[PDB]
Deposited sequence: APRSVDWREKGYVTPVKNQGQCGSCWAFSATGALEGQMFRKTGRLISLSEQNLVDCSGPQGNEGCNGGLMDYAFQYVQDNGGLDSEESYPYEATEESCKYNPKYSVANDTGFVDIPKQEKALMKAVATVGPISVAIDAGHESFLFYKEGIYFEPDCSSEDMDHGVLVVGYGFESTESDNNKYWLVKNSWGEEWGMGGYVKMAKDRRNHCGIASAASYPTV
């Protein structure tokens, strides 16, 4: 497989967004992975509505700003037969009534694939598919304060993840890393991204709950 991948250079990834004061990480993770797969299919990069997911995906098991799962979000888009653009259904960092309108649907999906709980499998998927939704353990001060280099936190869990993010690539320092897009704004980390330790015992659980939508 390639030793390095960065889907950002290839047009698959929208700018970093900001969840604000709302536990909607899972919705940002899901929209990032679907943005990637819709670009793969159509050649158009269009920002998708996390608000739509937050407001409408309760039946599939999601709890809005109180948490949720990317796979539940992918199931919603399939069940719903669409997902609105960001520009039509803007993010408000709270839960509102479902206002889905098919008029402004710009994405869809046909299911999802859960990747085997192996960093090797995740690497293959990143190389072959595009950006991939992943859960990490993000609940450490070292992660708030991350600015540069490869992130490693000896107290990270490989089993107890709490944060949904998007792997957009991987590589190495000229000491391997995953390239991860967060949803804490561009001021956090390296332009909103973090290089997380790769092939270091599934560090922070990055390969434990990885998935992507089919389109």
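task = Give the ranges of the deposited sequence, numbered from 1, for which the structure holds no C-alpha coordinates, in sequence order.
result = Counting from residue 1, the one stretch without coordinates is 175-179.
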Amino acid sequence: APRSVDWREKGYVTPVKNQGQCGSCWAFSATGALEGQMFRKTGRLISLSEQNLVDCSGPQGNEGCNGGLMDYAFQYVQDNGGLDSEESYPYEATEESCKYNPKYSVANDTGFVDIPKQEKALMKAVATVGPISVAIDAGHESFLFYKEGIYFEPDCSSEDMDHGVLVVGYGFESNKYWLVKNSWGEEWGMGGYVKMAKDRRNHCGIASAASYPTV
From here on, numbers count along this sequence of modelled residues.
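Each form is matched to the other, and the largest set of C-alpha atoms that superpose within 1.5 Å is called the rigid core.
Higher C-alpha RMS shift from the shown form in 4 other deposited structures of this protein - 25-33 or 143-151, rigid core fit = Greater root mean square C-alpha distance in 4 other deposited structures of this protein: 143-151.
query = Out of 144-152 and 44-52, which one has CA B-factors that are higher on average in the deposited record?
reply = The stretch with the larger mean CA B-factor is 144-152.
ask   = Got a sec? Mean C-alpha B-factor, which is higher, 107-115 or 129-137?
value = Averaging CA B-factors over each stretch, the winner is 107-115.
Highest-ranked of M190, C65, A33, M70 once sorted by CA temperature factor in the record = Top of the list by C-alpha B-factor: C65.
Peak C-alpha temperature factor (PDB record), options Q37, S57, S157, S29 = Going by the entry's C-alpha B-factors, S157 comes out highest.
task = Determine, from the deposited record, the chain-internal third of the Cα B-factor for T14: lowest, middle or highest.
result = Answer is lowest: the recorded C-alpha B-factor places it there.
task = Please rank the C-alpha B-factors of the chain's modelled residues and tell me whether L83 sits in the lowest, middle or highest third.
result = It falls in the bottom third of the chain.
inquiry  = Splitting the chain's C-alpha B-factors into thirds, which one does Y89 fall into?
reply    = Its C-alpha B-factor, which the entry lists for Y89, ranks in the lowest third among residues of this chain.
query = If you rank the chain by CA B-factor, which third does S4 end up in: lowest, middle or highest?
reply = Its C-alpha B-factor belongs to the highest third of this chain's values.
message = Lowest, middle or highest third: which one holds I206 when the chain's residues are ordered by CA B-factor from the entry?
response = Its C-alpha B-factor, which the entry lists for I206, ranks in the lowest third among residues of this chain.
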